[PDB]
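Just one chain follows, in the form deposited in one PDB entry, and it is written as structure tokens.
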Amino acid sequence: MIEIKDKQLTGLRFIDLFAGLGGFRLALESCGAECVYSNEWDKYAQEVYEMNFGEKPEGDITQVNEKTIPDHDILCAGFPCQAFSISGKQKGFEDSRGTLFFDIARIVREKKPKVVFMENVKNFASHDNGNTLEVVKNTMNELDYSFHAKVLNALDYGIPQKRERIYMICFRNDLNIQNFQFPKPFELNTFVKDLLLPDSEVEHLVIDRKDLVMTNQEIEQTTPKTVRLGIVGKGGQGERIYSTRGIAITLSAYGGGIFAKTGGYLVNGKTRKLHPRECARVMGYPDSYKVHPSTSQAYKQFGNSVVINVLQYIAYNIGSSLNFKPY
């Protein structure tokens, strides 16, 4: 994550729904905002959240009476994506994990915050012939909010990962916000190799499979894209090896394959998956952030998370818009 000199969100309160690791919390607090509520029902996610923020998020949001949620200015929610991801079955709203957005609408209707800041996977934007995004847009509009949505790729914001996500920023109409803008992309000067840990700390992650098939030559020049160098097995998810001179592939939460959830990388002549701390870095988390003691759970958590840097630029712009109140 980056340093934020001008705290655009100072004095503003926000809630952290579907909190996970608390990526939205890190981003908004870095801008000066204050978290007044968090909700996350996964046991291990609650543990790591508490480990880092000192509080246990409330459980199952579907059983929480929205009237009990503290007043706030910004509602944050990176809601479930299994039902909308290009990697899944795409059952969408028909999926038992795909109707959480309506719980969000339920809370917004009651708490009417100034801003609703949501995140989901890129496929959410085109899912069901664009009908899914349209539903969210119309729902927010009905709730009397403006709707700004755009897909941003983390590689355009200083983080070496091709993580494409749709970000939806909604302003309550009475605020008459007409100058919100998504952050502009800038040149990437950090690559996977810049975030790796010393070899001595990741030897246990080295995988030497006799069915490894190097398909492309390593590159010496850094490039802002994923560069596949080979595969193992049939080359499915988690069976692909990439160059560290390029950027990382999207981290996943339930990913399989031998290089599960992180993908494989060629490092000093060897092939290995990423260490939880390297996943944290590829997600923009500071080294000060404490990872969950279970590596399996940590990979899952980071795979479900958000790139802090991206949310920071967006949060800054949300604040920039709210603070522009000329006479």
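Residues carry their position along the shown sequence, with the first being 1. Residues that one form lacks are left out of the comparison. Think of the rigid core as the biggest set of C-alphas that the two forms share within 1.5 Å after superposition.
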Mean C-alpha B-factor comparison - 154-162 and 99-107, higher one: 99-107
Once average C-alpha B-factors are taken from the entry for 62-70 and 297-305, the winner is 62-70
Hey, out of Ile86, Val115, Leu197, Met168, whose CA B-factor is highest in the deposited coordinates? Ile86
Selection from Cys76, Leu251, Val192, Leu205 [criterion: highest C-alpha temperature factor in the record]: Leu205
Lowest, middle or highest third of the chain for the C-alpha temperature factor of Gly32? middle
C-alpha B factor of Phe186, ranked within the chain: lowest, middle or highest third? middle
What third of the chain, by the recorded C-alpha B-factor, contains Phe93? highest
Considering only modelled residues of the same chain, in which third does the CA B-factor of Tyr145 rank: lowest, middle or highest? highest
Ordered by C-alpha B-factor within the chain, which third holds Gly236? Give me lowest, middle or highest, please. middle
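In what follows, reference is made to the form deposited in another entry, a form of this protein that is not presented.
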State which of the options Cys170, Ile104, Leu155, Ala83 undergoes a Cα shift of 2 Å or more between this form and the one not shown, taking the core as fixed. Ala83
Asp73: with the rigid core matched between this form and the one not shown, does its Cα shift 2 Å or more? no
Once the two forms are fit on the core, has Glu94 moved its CA by at least 2 Å between this form and the one not shown? yes
Distance direction in that other deposited form for the C-alpha atoms of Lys89 and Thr139, relative to the displayed form (3 angstroms or more): closer
Once you account for a change of 3 Å or more, let me know if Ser96 and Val108 sit closer or farther in that other deposited form, using their C-alpha atoms. closer
With the core fixed, which bits of the chain, 3+ residues long, show every Cα moving 2 Å or more between this form and the one not shown? 81-98, 235-237
